[PDB]
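# A look at the structure
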Amino acid sequence: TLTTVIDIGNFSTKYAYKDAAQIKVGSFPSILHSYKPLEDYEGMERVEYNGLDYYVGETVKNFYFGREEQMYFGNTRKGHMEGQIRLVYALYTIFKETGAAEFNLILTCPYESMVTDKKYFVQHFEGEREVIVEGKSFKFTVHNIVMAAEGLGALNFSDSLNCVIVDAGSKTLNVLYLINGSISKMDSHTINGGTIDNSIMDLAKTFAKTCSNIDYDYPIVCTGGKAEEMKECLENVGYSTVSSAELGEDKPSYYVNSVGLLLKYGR
Amino acid sequence: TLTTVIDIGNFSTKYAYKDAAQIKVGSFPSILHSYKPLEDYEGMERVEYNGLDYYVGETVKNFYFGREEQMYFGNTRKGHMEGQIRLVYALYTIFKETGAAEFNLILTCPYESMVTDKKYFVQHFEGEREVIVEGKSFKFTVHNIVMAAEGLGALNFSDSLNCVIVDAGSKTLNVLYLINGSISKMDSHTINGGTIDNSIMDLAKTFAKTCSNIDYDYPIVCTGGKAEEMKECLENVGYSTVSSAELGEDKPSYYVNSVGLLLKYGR
Amino acid sequence: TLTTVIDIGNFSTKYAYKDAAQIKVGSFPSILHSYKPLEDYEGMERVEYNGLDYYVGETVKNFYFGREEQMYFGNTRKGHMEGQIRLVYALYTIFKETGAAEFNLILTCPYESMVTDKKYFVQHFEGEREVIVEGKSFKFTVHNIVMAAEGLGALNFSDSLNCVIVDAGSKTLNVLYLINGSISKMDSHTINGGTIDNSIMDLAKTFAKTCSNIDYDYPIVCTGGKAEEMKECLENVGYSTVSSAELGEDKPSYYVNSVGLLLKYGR
Amino acid sequence: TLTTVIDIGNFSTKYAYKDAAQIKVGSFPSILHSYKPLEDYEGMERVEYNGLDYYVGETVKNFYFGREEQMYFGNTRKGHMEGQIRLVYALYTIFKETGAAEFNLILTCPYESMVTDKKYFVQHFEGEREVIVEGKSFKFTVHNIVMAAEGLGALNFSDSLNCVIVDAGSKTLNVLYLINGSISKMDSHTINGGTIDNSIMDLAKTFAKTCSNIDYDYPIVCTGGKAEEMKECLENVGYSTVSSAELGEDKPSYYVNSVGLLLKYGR
Amino acid sequence: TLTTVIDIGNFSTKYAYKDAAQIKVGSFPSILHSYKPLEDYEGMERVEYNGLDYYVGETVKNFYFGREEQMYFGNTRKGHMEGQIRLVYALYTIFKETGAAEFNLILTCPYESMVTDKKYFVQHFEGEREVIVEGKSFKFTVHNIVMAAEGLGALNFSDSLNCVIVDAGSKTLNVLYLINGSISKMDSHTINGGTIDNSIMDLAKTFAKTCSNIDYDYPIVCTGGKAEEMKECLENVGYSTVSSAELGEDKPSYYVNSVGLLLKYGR
Ligand SMILES: Nc1ncnc2c1ncn2[C@@H]1O[C@H](COP(=O)(O)OP(=O)(O)O)[C@@H](O)[C@H]1O
Ligand SMILES: Nc1ncnc2c1ncn2[C@@H]1O[C@H](COP(=O)(O)OP(=O)(O)O)[C@@H](O)[C@H]1O
Ligand SMILES: Nc1ncnc2c1ncn2[C@@H]1O[C@H](COP(=O)(O)OP(=O)(O)O)[C@@H](O)[C@H]1O
Ligand SMILES: Nc1ncnc2c1ncn2[C@@H]1O[C@H](COP(=O)(O)OP(=O)(O)O)[C@@H](O)[C@H]1O
Ligand SMILES: Nc1ncnc2c1ncn2[C@@H]1O[C@H](COP(=O)(O)OP(=O)(O)O)[C@@H](O)[C@H]1O
Ligand SMILES: [Mg+2]
Ligand SMILES: [Mg+2]
Ligand SMILES: [Mg+2]
Ligand SMILES: [Mg+2]
Ligand SMILES: [Mg+2]
């Protein structure tokens, strides 16, 4: 039984798991399109789960040639009748690396939609499910789902236990105000707009307007894919003790929300 | 040559000047947004200064409809690559009332950032500058800048020369401990949080914790926009000789930091 | 029915009671903050009494990370709409040690506010009250309140019956000039400023200015948390017969105002 | 080389010196406070001597607005780590009137602390010292110190050589029983309490209790700042040959302890 | 109407009266202090008479702890604006023993101040006066005052009608040279200094210098509180027929000046 953490995003979908003492990690881009029976596709794979028939892979962006603003799920309630495909293809990708068919899912979600997502993640996933990927059917088992918060993976790489975790996402910012290893509910934002639509210098300045109950000596931990460019544009705003979370060797900044939850949670 | 005082705040930006024996005064709200070329705007005006293109006016708050916690600059180092627009539009508003193009600026700033702000206010303003407001270009001249302290305008309306000036601001409190017409540097706070985010009864009680070297018979001069509600919630704490600064006729309490510096300084 | 003495201070809140022939004693830090619903707190506890909702405990100081000068009630009229929580949580802490729900309160207060505090301590506490601590409701009974003076606990450890009790507090000094086991009202000071804000060498020298009707052979009994450092800095001023009050075994110097009133009063 | 006499008191500090045949005299108030870097002070001056940093001047009483019982050194062993500043600023004030940098100090002290004060006055003052007053450093030289008694200046204005000198001070009475131009050690009091705290009618009556080995025809010479009001309240007690010491023209009664020692001693 | 004799001294105040054939007698110590509102005094009582507010009683000496040379009125003109309180409290003490409110006062005074004291004893006491002792007001009546001499009480216990009465007092000696039951005015001394300040062996030797017109076979009657130690130190000087006056049973030597005037005068 393999306990893994799958950070379903909008630009990409990051999965992390621990087989040996090392952490094996990977991702795949979060662009999927309806079926449209094609002649001979190469860099995409057909996924069928629960009455759906979608292409997930690298070359699904070829379906959106002159309409490239339509290839990204925008700030929309992860785990729809379209967002399940990103999760069950992430389960298949782990199976192509290990051979495990019994999963303990550590899902990530924004903190505002914490108790809301249990309609869609829990009921559709009760063990002994089955996908049909590239014709070949695949059966897996998920018998417990631990729905974490999107941002807490950067807390392991925080020098202070009392900080603000800024998730410089792709369609949304997840400001997560944290006290003692615990998340304050009143002071945690979810700012719309991400690094795809907006520049970081125009996105770090909207952080300084929303979370303006923060003096400039307060610790800020930047995470997300644009983390090391986020802290270079917050220091020009005037914050001082900001530090982006850096992972180990050969793991870039967009695995921080996923790798750090593996190093902390899932007991 | 017109000597004027411009109190750049976070909720609003107050300007005061003296043409006749009277003091002509006014303000405009401190909400500005990036350009976004619009069809036909009515209650806002486009301002271009130094590679910037921002809307300043009454109806800029319509850009922040479902996101009203993003319309206010929060406690952030006045005179950025965004806060210059509030000053040069305040210069334009004076020009629409008098016709003066040579200014002597009496700027206000918090006392903690007194010697720090001279990188941004002095270097960008050296006379013969030019804005482009609503298409029509406008040229002005500023050849001396007197950077005052944010709160000293209430000192003219203080019965005692030895008092504490509490600036019940909008994003910050500027407690300014004063001895003999001079500002003590050790005992002057700058408390984060203002009347927008916090209630006054929860904000006057944080004044009693910080500036607790003050016995209850010591004079406190409340200024700012919420001044006459500030002194009604300090007397419930236990202070006795507190008195908010009242201006003349038809000038409300939020001009005290600006009008009082005109009646005292700028020689 | 348990007769106990609760010395509500500013740095801490000390409670003392007598169950066996020994005196069981304890305290908890006097830092409390508004509610702000948190995810999973560990070293703090929620207290609800009379329309209030506050966290009292060890880790409430984490709410005041970059603003550590805001965590202490400063010289402010004990028993407010915020200071009742320190008393009713002290009643709960005794209940977790004995199981008593009927209390005889020996409260301490400064001598200047002796007859003044009966608006707030008497009327809010008339027996059969109820707190809600950590969800679990708790009912107690207080049917008599003996409001003592803050400093008289050191009188039991005084070799002379005619002395000056110097309460080296945390926000205030309570100089209590005493004749024959009775408190002189004209010669009892209440000096603002304590050991948190001021150093003791700069605080013992303000004692020598105020209470300067004292010749150097007159007995001075130092109490408070900084008592044994208070007498080492009064002897450098020039006082000779000064002696800090020492308790029994395993009771430090900050219980003197509370333990000594149990050994003397509450009949 | 200028031989001068400096009567360090508690209300004021009187210096006297003789340049021409006349006596040039002056004083400055004895209120000093710790440093607290201020913006623009007017009637006070910064004094730095031997690791100290104090304000001495007229307007130092503005630091003690609601706490006016804290501005006076009370009966405390002249020449501390705070009382040296009153002496070295008195040396600076003479230098601003003459230009002398080599001093022969005639210090005054109470007779009880005659041989005791030589730890603090002699060792800290051995010539070639240096103060830093108002930024500008000042070097002086003191190579002999003649420690007189506080009261003997009134002996020159005494018609009898066998009298009692009553020093109606500010924090203390220096009754100095004198026989033949020499001071009796057994019959010289030092009564605590002065004219600041106590009224003279309640202070002259404590003289009649202590020095009650004095019949009513015995000469009493009243000195100090309240001298001519002291003799008007001793005659109501019943003393008959009491006469306050009057100086020359335009020198009030509080220079008697300082001017009279210049006219008698310092050989 | 009760005729009583009240010997106001400096160490104590002795009153004597005759209700039955016996003489009821008593005293109280002559230490009084200004008011200073105290919390709960035990062994002292508040006395208010004629705009005065003083504590008279046993424990008033606690007000003079480190200053014990200030608790005694020294040789100062009995019946001041402070010495009236000792008399009217002596009237109250008689009222607590009998219930009499109409007094015939036999006051004692030194012989030198015989005709002088009638300004203060007669005018302030004209019947129907009123004290306020311990809150409870008390009205009395004094309609004749017989001002005796301090020492004549020992004349009843003198074997010779031609003697010298030596009053070994507390602040003064009242040598009273007596011929035929009548007092010689030229040869009656009043020597300053008493048994408090001076030893008797150093006080009996000053008697031998002043009243040196006395041969050693001449009768000397020692009275006062130190009477039986006075005659033991006059016999070492060389006087032979000296005999201290001894009262009846359970009346010590300090009632002789008061009891003996009751047995002789007041007709
Ligand atoms: N598989 C990947 N390969 C390269 N860059 C990536 C990858 N995944 C994410 N990134 C970088 O991360 C940014 C997106 O941030 P990310 O945290 O992945 O968004 P989300 O919150 O949707 O996961 C992109 O701009 C991209 O530069
Ligand atoms: N132009 C205005 N019209 C009405 N109310 C105002 C105006 N400007 C300020 N106020 C009042 O003042 C408060 C803001 O305080 P203010 O001192 O103006 O903030 P700042 O320190 O940013 O200038 C607001 O809550 C508002 O009630
Ligand atoms: N619970 C505690 N644990 C350890 N030290 C304490 C505690 N409470 C007080 N002290 C000591 O006492 C000092 C504060 O003095 P205290 O008399 O408690 O202040 P207050 O007058 O506000 O009660 C602190 O500096 C601290 O060293
Ligand atoms: N510089 C001064 N100006 C006016 N009055 C003074 C001055 N110095 C002293 N006095 C008077 O003298 C009194 C204090 O007595 P003084 O002998 O100066 O005290 P100290 O013994 O401390 O020197 C004060 O009540 C004041 O009236
Ligand atoms: N009430 C008293 N109790 C005990 N001893 C007393 C009392 N009154 C006087 N004495 C003794 O008398 C002495 C004082 O002499 P006294 O004649 O009382 O003085 P005065 O002339 O002032 O009355 C004291 O030394 C004391 O020993
Ligand atoms: Mg993400
Ligand atoms: Mg403002
Ligand atoms: Mg305390
Ligand atoms: Mg003096
Ligand atoms: Mg007598």
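Per chain, the count goes from 1 following the written sequence and can depart from the entry's numbering; residues without coordinates do not appear at all. To label them, take the chains in the order written and letter them from A, then take the ligands in the order written and number them from 1. For side-chain calculations, the full set of non-hydrogen atoms in the structure is used, while hydrogens and water are omitted.

The record lists cryo-EM as the method behind this PDB entry and 3.44 Å as its resolution.

## Quick notes on the site of ligand 5
All names here are of chain E. Note the threshold: In this text, near means that some heavy atom of the residue lies within 4 Å of the molecule or strand in question. Polar contacts here mean pairs of N or O atoms no more than 3.5 Å apart (in protein, one a potential hydrogen donor and the other a potential acceptor; neighbouring residues in sequence count only if both atoms are side-chain atoms). Methods summary: accessible areas were calculated by the Shrake-Rupley approach with a probe of 1.4 Å, and residue burial reflects only the protein chains presented. Three classes are used: nonpolar for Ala, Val, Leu, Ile, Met, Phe, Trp, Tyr, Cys and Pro, charged for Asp, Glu, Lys and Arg, and polar for all others, with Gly counted as polar.
Residues in close proximity to ligand 5 total 13 residues, the closest being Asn10, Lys14, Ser27, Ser170 and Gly225. The contact in question runs from an oxygen atom of ligand 5 to an N or O atom on the side chain of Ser170, over 2.7 Å. A distance of 3.3 Å is found between an oxygen atom of ligand 5 and a backbone nitrogen or oxygen belonging to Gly225. A total of 550 Å² of accessible area belongs to ligand 5 in isolation, and the protein chains cover 77% of it. A per-class count over the shell around ligand 5 returns 2 nonpolar, 8 polar and 3 charged.

## Digging into the pairing of strand β3 (residues 24-29) of chain E
Residues and elements named next belong to chain E. Here is the rule we go by: Pairing between strands is defined by DSSP: at least two bridges between them are needed. Helix numbers and strand numbers start at the N terminus; a helix is a DSSP run of H or I with at least 4 residues, a strand a run of E with at least 2.
Sheet topology note: the strand β2 (residues 12-17)/β3 ladder contains 6 bridges and is antiparallel. Pairing of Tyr15 across the sheet is with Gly26, part of β3. Hairpin connection from β2 to β3: 6 residues lie between these consecutive antiparallel strands.

## Topic: the site of ligand 3
Residues and elements named next belong to chain C. The full set of residues close to ligand 3 is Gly9, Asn10, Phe11, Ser12, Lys14, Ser27, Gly169, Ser170, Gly224, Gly225, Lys226 and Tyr254. Here an oxygen atom of ligand 3 sits 2.8 Å away from a polar atom, N or O, in the main chain of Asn10. Contact with the protein chains hides 75% of the accessible area of ligand 3, taken as 550 Å² for the molecule alone. Of the residues contributing to the shell around ligand 3, the split by class is 2 nonpolar, 8 polar and 2 charged.

## As for the UniProt feature "binding site: Mg(2+)" (unreviewed entry) in chain A
Residue and element names in this part refer to chain A. Filter applied, for reference: UniProt positions are given in the numbering used here, feature names are shortened, and annotations may be inferred rather than shown by experiment. Using a 1.4 Å probe on the protein chains alone, a residue whose accessible area is under 20% of its type maximum counts as buried, one over 50% counts as exposed, and one in between counts as partly exposed. Note on contacts: a residue pair is in contact if any heavy atoms of the two residues lie within 4.5 Å.
Per the UniProt record, "binding site: Mg(2+)" (unreviewed entry) is annotated on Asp7 and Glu150. In three dimensions, the annotated residues from a span of 144 residues occupy one location, with a maximal C-alpha spread of 7.9 Å. Along the polypeptide, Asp7 turns up in strand β1 (residues 2-8). Residue classification places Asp7 among the buried positions, given a relative accessible area of 3%. Within the element layout of this structure, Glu150 appears in the loop between β9 (136-149) and β10 (164-168). Residues within four places of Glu150 in sequence aside, it is in contact with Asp7, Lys78, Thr108, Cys109, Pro110, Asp167, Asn174 and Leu176. A distance of 2.9 Å separates polar atoms of two side chains, one belonging to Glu150 and the other to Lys78.

## What to know about a negative patch on the surface
Residues and elements named next belong to chain A. Keep this limit in mind: Each patch is built from residues lacking any salt bridge and having more than 30% relative accessible area; the joining distance is 9 Å for like charges and 5 Å for nonpolar side chains (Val, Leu, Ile, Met, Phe, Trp, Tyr). Salt bridges are counted wherever a side-chain nitrogen of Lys or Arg sits within 4 Å of a carboxyl oxygen of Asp or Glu. The positive count covers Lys and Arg only, the negative count covers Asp and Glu only, and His and the chain ends enter neither. Note that the charge is assigned to NZ on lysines, CZ on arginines, CG on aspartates and CD on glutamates.
Among the surface-exposed residues, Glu228, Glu229, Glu232, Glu235, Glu246, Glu249 and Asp250 lie close enough to one another that they form a single negatively charged patch. For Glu235, the location among the structural elements is in the loop between α3 (227-234) and α4 (256-262). Given the relative accessible area of 40%, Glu235 is considered partly exposed.

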